[PDB]
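Enquirer: Residue numbers (the numbering used here), protein chains in the order written: chain A, 135 to 258; chain B, 4 to 37; chain C, 180 to 326; chain D, 268 to 316; chain E, 10 to 61; chain F, 264 to 488; chain G, 62 to 110; chain H, 86 to 272.
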Amino acid sequence: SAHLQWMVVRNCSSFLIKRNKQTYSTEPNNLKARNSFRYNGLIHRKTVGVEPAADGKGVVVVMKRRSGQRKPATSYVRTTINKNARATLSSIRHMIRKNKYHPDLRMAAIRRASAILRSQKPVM
Amino acid sequence: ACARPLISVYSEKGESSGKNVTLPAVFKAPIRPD
Amino acid sequence: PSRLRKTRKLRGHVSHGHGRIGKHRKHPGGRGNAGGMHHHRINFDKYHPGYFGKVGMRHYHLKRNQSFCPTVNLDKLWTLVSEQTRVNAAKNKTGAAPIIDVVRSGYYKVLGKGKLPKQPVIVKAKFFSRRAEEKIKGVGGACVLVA
Amino acid sequence: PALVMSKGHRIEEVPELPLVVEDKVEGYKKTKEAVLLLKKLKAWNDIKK
Amino acid sequence: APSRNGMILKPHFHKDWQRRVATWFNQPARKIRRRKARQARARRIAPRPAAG
Amino acid sequence: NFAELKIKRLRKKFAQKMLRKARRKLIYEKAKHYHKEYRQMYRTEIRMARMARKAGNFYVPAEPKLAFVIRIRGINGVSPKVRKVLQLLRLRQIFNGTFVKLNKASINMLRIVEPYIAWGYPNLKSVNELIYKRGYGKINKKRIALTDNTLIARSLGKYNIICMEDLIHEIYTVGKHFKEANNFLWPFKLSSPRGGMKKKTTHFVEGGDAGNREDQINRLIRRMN
Amino acid sequence: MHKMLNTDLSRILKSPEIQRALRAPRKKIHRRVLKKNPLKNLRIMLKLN
Amino acid sequence: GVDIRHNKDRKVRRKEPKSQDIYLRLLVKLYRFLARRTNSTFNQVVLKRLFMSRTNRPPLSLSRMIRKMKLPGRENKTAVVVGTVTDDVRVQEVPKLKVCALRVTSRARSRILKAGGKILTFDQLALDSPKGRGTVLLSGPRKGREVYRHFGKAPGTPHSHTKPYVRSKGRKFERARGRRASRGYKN
RNA sequence: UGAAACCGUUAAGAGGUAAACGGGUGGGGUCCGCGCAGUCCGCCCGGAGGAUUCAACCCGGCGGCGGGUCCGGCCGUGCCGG
RNA sequence: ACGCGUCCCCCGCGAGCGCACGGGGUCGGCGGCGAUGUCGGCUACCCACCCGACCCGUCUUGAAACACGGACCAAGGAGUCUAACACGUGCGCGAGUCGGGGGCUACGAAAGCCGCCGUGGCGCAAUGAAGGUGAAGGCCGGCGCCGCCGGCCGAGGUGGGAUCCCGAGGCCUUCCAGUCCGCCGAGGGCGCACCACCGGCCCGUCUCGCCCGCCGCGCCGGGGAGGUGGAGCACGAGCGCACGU
RNA sequence: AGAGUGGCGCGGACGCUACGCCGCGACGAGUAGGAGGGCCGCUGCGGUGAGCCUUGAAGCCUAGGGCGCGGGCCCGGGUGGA
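#1: Is there a Cβ of chain A sitting closer than 8 Å to that of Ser71(G), yes or no?
#2: By the criterion of Cβ-Cβ separation under 9 Å, what are the contact partners of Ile177(A) in chain D?
#3: For the stretch 403-478 of chain F, list the beta strand (DSSP E) runs that are entirely contained and at least 3 residues long, ordered along the chain.
#4: At the level of alpha carbons, what is the spacing between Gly320(C) and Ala31(E)?
#5: Looking only at C-alpha atoms, which of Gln156(A), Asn174(A) and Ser135(A) sits nearest to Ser147(A)?
#6: Helix, strand or coil: how does DSSP classify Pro186(A) here?
#7: I'd like the list of long-range same chain contacts for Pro385(F), defined as Cβ closer than 6 Å, with 5 residues on each side in sequence excluded.
#8: Measure from the C-beta of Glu283(D) to each C-beta in chain B and report whether the shortest distance is under 8 Å.
#9: Taking residue 213(F) and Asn481(F) to be in contact with their CB atoms under 8 Å, please state how far apart those CB atoms are, rounded to whole angstroms.
#10: Using the C-alpha atoms, what's the distance from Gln139(A) back to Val166(H)?
#11: Taking only runs that begin and end inside the stretch 194-248 of chain H, name each unbroken beta strand (DSSP E) of 3 or more residues, in chain order.
#12: Which term fits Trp33(E), buried or exposed, when burial requires 16 or more other beta carbons within 10 angstroms of its beta carbon?
#13: Could you please give the first and the last residue of the uninterrupted beta strand (DSSP E) stretch that includes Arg188(H)?
#14: Flag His137(A) as yes if its beta-carbon sits less than 8 Å from any beta-carbon of chain H, otherwise no.
#15: Going by C-alpha distance, which of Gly198(C), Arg220(C), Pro207(C) and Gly211(C) is nearest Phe22(E)?
#16: Take every Cβ of the stretch 236-248 of chain C, pair it with every Cβ of the stretch 275-282 of chain C, and state whether three or more of those distances are shorter than 8 Å.
#17: If I follow the unbroken alpha helix (DSSP H) through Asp224(C), where does it start and stop?
#18: With burial defined as no fewer than 16 other Cβ atoms inside 10 Å of the residue's Cβ, what is the status of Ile73(G): buried or exposed?
#19: Alpha carbon to alpha carbon, how far is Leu109(G) from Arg283(F)?
#20: Please classify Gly219(H) as buried or exposed, where buried requires at least 16 other C-beta atoms within 10 Å of its C-beta.
#21: To the nearest angstrom, report how far apart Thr157(A) and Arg168(A) are at their CA atoms.
#22: With a threshold of 8 Å between beta carbons, is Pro206(A) in contact with chain D?
#23: Nearest-angstrom Cα distance between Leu349(F) and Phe451(F)?
#24: Could you work out which residues of chain H lie near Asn14(E), taking near to mean beta carbons separated by less than 9 Å?
#25: If you measure from the beta carbon of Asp106(H) to each beta carbon in chain B, is any gap under 8 Å?
#26: Which residues in chain H sit within 9 Å of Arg84(G), going by Cβ to Cβ distance?
#27: From the beta carbon of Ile314(D), is the nearest beta carbon of chain A less than 8 Å away?
#28: On the premise that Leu222(H) lies in contact with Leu145(H), defined as a C-beta separation below 8 Å, what is that separation, rounded to the nearest angstrom?
#29: Consult DSSP for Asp290(D) and reduce its assignment to one of helix, strand or coil.
#30: Please work out which residues of its chain come closer than 7 Å, Cβ to Cβ, to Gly398(F), disregarding the five sequence neighbours upstream and downstream, and give them in chain order.
#31: Nearest to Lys291(D) by alpha carbon, out of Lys16(B), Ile34(B), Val24(B) and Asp37(B)?
#32: Should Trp26(E) be labelled buried (16 or more other beta-carbon atoms within 10 Å of its own) or exposed?
#33: Using DSSP's beta-bridge definition, name the partner residues of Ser146(H).
#34: Compare the C-beta of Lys309(D) against all C-beta atoms of chain A and say whether one is closer than 8 Å.
#35: Could you check the C-alpha separation between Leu95(G) and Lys421(F) for me, to the nearest Å?
#36: Looking only at its own chain, which residues have a Cβ that is under 6 Å from the Cβ of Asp313(D), when we skip the five neighbours before and after it?
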């Protein structure tokens with residue numbers, strides 16, 4: 135299961151970074167970037183991710199297809215959202231809630247798709 | 004699940020053929036990092 | 180490994196686990212088994228009674244192959260065959276009996292331990308102890324000897 | 268496949284699986300054939316690492 | 010000085026053993042000779058068996 | 264679904280409250296009935312002595328049931344019989360105290376430790392201030408506080424000691440579940456005496472503090488609690 | 062040959078049999094006491110008796 | 086100061102299983118849960134056994150397990166063994182039992198399953214019956230290991246029957262001055 | 001590359017109970033804050049504007065799912081035949 | 001002590017606002033001082049004063065000692081490999097286990113393979129100086145006693161023993177039956193390991209008594225009752241690898 | 001907080017490296033000597049860091065600034081030159 139390979143990874147991966155009494159994780163689709171069992175971004179059968187879009191403008195989102203969990207060049211599926219900051223977040227809350235697609239992440243993907251725009255907006 | 008899928012076989016150009024192998028059971032035996 | 184041992188937790192302490200008062204000094208009792216009837220008496224005579232003295236006759240050029248006697252009990256005397264001499268023998272009407280040879284599985288004398296699985300059996304054996312005779316005969320079987 | 272990533276390897280684009288190939292890779296003596304071949308199956312990125 | 014319960018036992022290191030110690034670091038390319046000069050043998054004796 | 268079940272969910276709540284208001288009146292009527300005892304027992308000891316003194320008699324008042332004990336010497340250097348007897352009274356440190364019922368087996372323990380303690384026969388004021396201010400419990404192998412009446416009703420209960428009022432009766436009158444309601448208590452936690460000691464080493468009778476005081480233990484309590 | 066057959070204990074915990082044979086939870090915390098001296102404080106003293 | 090000692094009051098039970106193997110540590114996780122949230126006992130005894138060390142949990146054999154269910158009554162009932170289930174040669178006829186151990190040795194699979202009786206492991210006794218109903222809790226013998234025949238009253242004293250540590254037995258190896266009435270004394 | 005011991009010279013500091021050390025404060029230096037009018041983050045209301053823009057309806061592509069009863073194919077530490 | 005419908009000695013869901021000695025603190029309160037001379041900075045450099053403070057290692061009942069080594073600084077400087085043993089702990093396989101010598105065919109002097117390469121080691125059997133011996137029994141029939149004839153069950157108690165199994169009775173929303181699915185339970189059942197006590201079986205030895213078996217009829221072989229010596233039986237836990245003491 | 005047969009507005013903080021978090025009590029001297037834990041140091045070998053370095057590596061120096069009870073470690077400046 136997922137629950138197996140955690141026991142394997144937990145304290146060993148090439149994506150693990152420790153020091154100064156802290157501890158982090160640099161895995162593709164970890165949104166909170168921390169070595170955890172909610173938040174790891176490869177293990178499971180379904181995945182959410184929020185990446186900063188191609189050029190400057192926008193945000194890009196990442197679901198994991200339920201099917202072929204053994205076929206990685208056709209496993210993730212992509213879409214870009216380049217609209218107003220309150221209205222862009224209509225989409226993302228309408229992905230997690232109304233699909234029933236893994237209802238833990240809700241309030242992680244609202245605080246990551248609002249500190250990817252507060253960037254590309256011009257500086258103080 | 005010992006349950007086995009079907010394994011596709013790629014040509015040396017990259018596109019897949021239409022030939023498959025049933026999974027060698029070794030690939031279901033336990034992971035044991037110790 | 181030289182890291183998980185005691186001697187790292189002791190760089191810093193003086194006496195290193197062998198004493199302030201009476202130190203680690205070379206050989207305090209005498210080397211090896213000393214004091215066998217003096218000052219290491221008690222011990223010797225309280226975990227090794229009978230070290231000190233003679234008994235019995237001495238045989239000189241002892242060749243041990245002449246003394247050679249392997250052993251096979253009853254309970255598990257059916258352990259020298261396949262699982263085919265017993266299931267078809269239990270099926271019979273006229274009442275047959277398979278021939279377990281014990282010289283073929285490195286066994287010389289046949290011993291008398293547990294039960295028997297009760298169905299006819301002829302038994303070759305170089306040495307029959309007195310219970311291996313009376314257990315096999317009461318059930319029903321011969322006792323042929325071999326040399 | 269979540270294990271093979273964590274040994275660093277560069278698999279995000281690999282078609283599939285535990286990968287298999289027709290028996291015509293056993294006889295290649297040229298590296299320019301075997302390099303072109305490594306770029307087809309989408310794993311050159313691991314050599315490039 | 011025997012502590013307590015614990016088997017009595019006689020060692021033969023009272024001689025100068027170290028001066029006569031034998032090791033087998035050779036063990037791997039001593040085999041690979043025999044097998045070579047083994048492999049010489051029967052090319053010398055062609056259709057005669059190497060089983061002799 | 265629900266519209267039925269929500270009204271049935273507004274019938275069980277008023278039941279658990281009614282379990283309190285039938286119990287809330289009983290805490291009052293238990294306390295107003297012990298007040299009747301503490302004028303009917305108080306004035307019935309002044310009743311007999313006048314009506315003896317009347318006919319040229321005498322009246323010896325009732326010899327004690329109950330006695331408080333406080334440990335005044337320290338913890339260093341102590342003889343091995345006394346360490347065992349001070350343990351059994353649960354006085355394990357200096358300036359600590361306990362309730363103790365009286366008999367022959369109970370006094371002759373208190374003659375072996377009679378230069379490590381001070382004891383005496385306490386009153387209706389030196390029973391309650393101690394049990395009100397200081398008094399803790401011993402629930403789940405812990406010294407957890409009594410700011411409630413579902414700790415004493417909840418542990419003991421079956422003996423009929425529910426509220427803070429019955430811990431006054433059963434101790435101040437040594438009644439018929441005393442043992443359990445006094446091994447109920449953790450021993451008390453008095454700070455030092457504010458005024459002081461007379462001379463700690465010696466027996467009261469000589470000058471100092473040690474040994475029994477029959478009616479002036481009331482002076483080393485309102486100074487210490 | 063496997064010690065345990067389904068390592069998946071994200072899913073074994075929530076199938077019909079295991080969630081019809083366990084008592085209910087206790088998700089409340091009970092923080093520590095400050096003993097208001099009832100010889101001084103009124104309503105603290107009206108609660109005892 | 087307060088007169089107490091701090092002498093034995095760190096207790097020495099074992100809180101968690103020293104081994105590393107993962108499939109035993111998802112095992113425990115299950116039963117940690119299953120101990121605390123039920124009102125059945127079995128679970129708690131099983132979790133405490135999932136910690137112990139090889140020697141405190143020794144191989145129960147087929148012919149003991151066979152022998153422990155042919156007593157009067159106990160039927161419709163399984164047999165849990167938090168070590169193993171090994172073969173026994175001196176036993177022939179095999180009924181249709183139900184087993185649930187950690188390692189089932191590779192010949193006692195070919196015996197009980199061929200008689201028409203299934204074997205489980207520790208996540209097939211976790212859904213089949215969560216609390217614990219229809220079981221007999223068996224173990225093997227914790228006084229098998231020779232070691233126990235060097236222990237007790239020390240072999241050189243009245244009335245005692247211990248094996249001492251001897252380099253080898255023969256006809257002379259510890260054979261004289263405290264074993265014979267004739268050579269000083271025997272005990 | 002160029003450490004310590006030990007010297008020599010500039011600045012400061014101090015100086016009758018050999019010096020040096022621990023607790024606790026005061027004075028003076030050195031630098032350092034980049035200090036010298038003082039914090040952001042939502043929703044709400046009033047008053048000045050920007051940008052072709054929101055609901056809804058049809059047009060293609062993709063997922064999340066069960067169609068409590070559509071059709072096949074593929075597994076099996078599942079069996080019953082030949 | 002405060003509606004009413006019936007039982008009596010004795011003459012089961014009302015409506016809202018509000019204040020607080022009530023399961024650990026908050027002002028829906030204020031004021032000065034701010035650019036080349038002032039704000040702050042516990043920490044690290046120098047000075048000053050009050051209280052405290054004898055030099056370290058060390059053997060020793062006792063060291064600041066009129067007990068011994070120490071003028072200062074660098075760089076080196078002391079429980080270690082291998083051969084036995086034993087107890088504990090991890091891991092593979094389990095009445096078994098193990099190829100360690102031998103073989104076959106850059107990293108590799110590695111690594112996969114033999115099975116009719118397990119010879120062999122340790123283990124599954126004790127006990128006697130030896131010749132040697134070598135590990136349950138019951139309960140009904142053919143002739144109140146032998147010597148033999150059939151049929152059935154079987155590794156034997158008592159006492160304490162983690163858990164399971166049977167369930168008298170009950171687990172509420174107007175009442176009167178009726179159930180399925182779960183849980184709570186008076187007392188009453190099979191008794192896993194570990195022990196304490198009682199019986200038995202194999203070797204050695206001691207005292208008493210009568211019959212068996214025979215190609216060789218004995219200075220021949222075998223059975224029976226009660227004491228006693230053991231590192232013994234009595235439904236098995238060992239073997240290879242690694243770590244620590 | 002049981003289940004039946006009859007009489008307008010599509011919205012609601014944090015969590016759970018389960019080898020983690022959280023929850024309420026009692027205690028805390030130590031020489032010979034035991035034991036655990038060390039995100040305390042020093043040098044080598046397999047893995048890993050799409051690590052870092054002539055736009056300045058190691059070592060040293062530093063009345064510059066920070067970190068932990070502690071062993072020790074992080075950053076400013078100057079040297080130095082792989």
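Using N, Cα and C, we set each Cβ at its ideal position, and we do this for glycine too.
Expert: So, from the data block:
#1: Interface criterion met: the Cβ of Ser71(G) is under 8 Å from a Cβ in chain A.
#2: What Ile177(A) touches in chain D: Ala269.
#3: Here no run is fully enclosed.
#4: Taking the CA atoms as reference points, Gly320(C) sits about 59 Å from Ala31(E).
#5: Of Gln156(A), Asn174(A) and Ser135(A), the residue nearest in Cα terms is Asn174(A).
#6: Here DSSP, grouped into helix, strand and coil, assigns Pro186(A) to strand.
#7: Hits under 6 Å: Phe331.
#8: At a cut-off of 8 Å between beta-carbon atoms, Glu283(D) makes contact with chain B.
#9: The first residue shown for chain F is 264 and the last is 488, placing residue 213(F) beyond what the model contains.
#10: Computed Cα separation, rounded: 27 Å.
#11: For the beta strand (DSSP E) assignment, the uninterrupted runs of no fewer than 3 residues enclosed by the stretch 194-248 of chain H are, from N- to C-terminal side, 220-222.
#12: With fewer than 16 other Cβ atoms from the protein chains shown falling within 10 Å of its own Cβ, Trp33(E) counts as exposed.
#13: Start and end: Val184 to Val189.
#14: Look at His137(A): its C-beta is under 8 Å from a C-beta on chain H.
#15: For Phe22(E), the nearest C-alpha among the options comes from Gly211(C).
#16: The answer is no - the stretch 275-282 of chain C does not touch the stretch 236-248 of chain C, with fewer than three Cβ pairs under 8 Å.
#17: Run containing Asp224(C): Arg220 to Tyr226, per the alpha helix (DSSP H) assignment.
#18: Classification for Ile73(G): buried.
#19: The straight-line gap from Cα to Cα measures roughly 14 Å.
#20: With fewer than 16 other Cβ atoms within 10 Å, it is exposed.
#21: Rounded to whole angstroms, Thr157(A) to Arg168(A) spans 7 Å at the Cα level.
#22: Yes, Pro206(A) counts as interfacial toward chain D.
#23: Spanning the two alpha carbons is a distance of roughly 15 Å.
#24: By Cβ distance, chain H contributes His235, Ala239, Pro240, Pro249 and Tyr250.
#25: Judged by the 8 Å Cβ criterion, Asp106(H) is in contact with chain B.
#26: What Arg84(G) touches in chain H, judged by beta-carbon distance under 9 Å, is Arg122, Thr123 and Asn124, going in chain order.
#27: Any Cβ of chain A closer than 8 Å to the Cβ of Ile314(D) would place that residue at the interface, and such an atom is absent.
#28: No, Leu145(H) and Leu222(H) are not in contact; Cβ-Cβ is about 11 Å, not under 8 Å.
#29: Collapsing the DSSP output to three states places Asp290(D) in a helix.
#30: Cβ neighbours of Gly398(F) within its own chain (closer than 7 Å, five residues either side excluded): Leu409 and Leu448.
#31: Here the closest residue by C-alpha is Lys16(B).
#32: With fewer than 16 Cβ atoms within 10 Å of its Cβ, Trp26(E) is classed as exposed.
#33: According to DSSP, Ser146(H) bridges with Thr171(H).
#34: Yes, its Cβ sits closer than 8 Å to a Cβ of chain A.
#35: Rounded to whole angstroms, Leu95(G) to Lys421(F) spans 28 Å at the Cα level.
#36: Here the set comprises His276 and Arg277.
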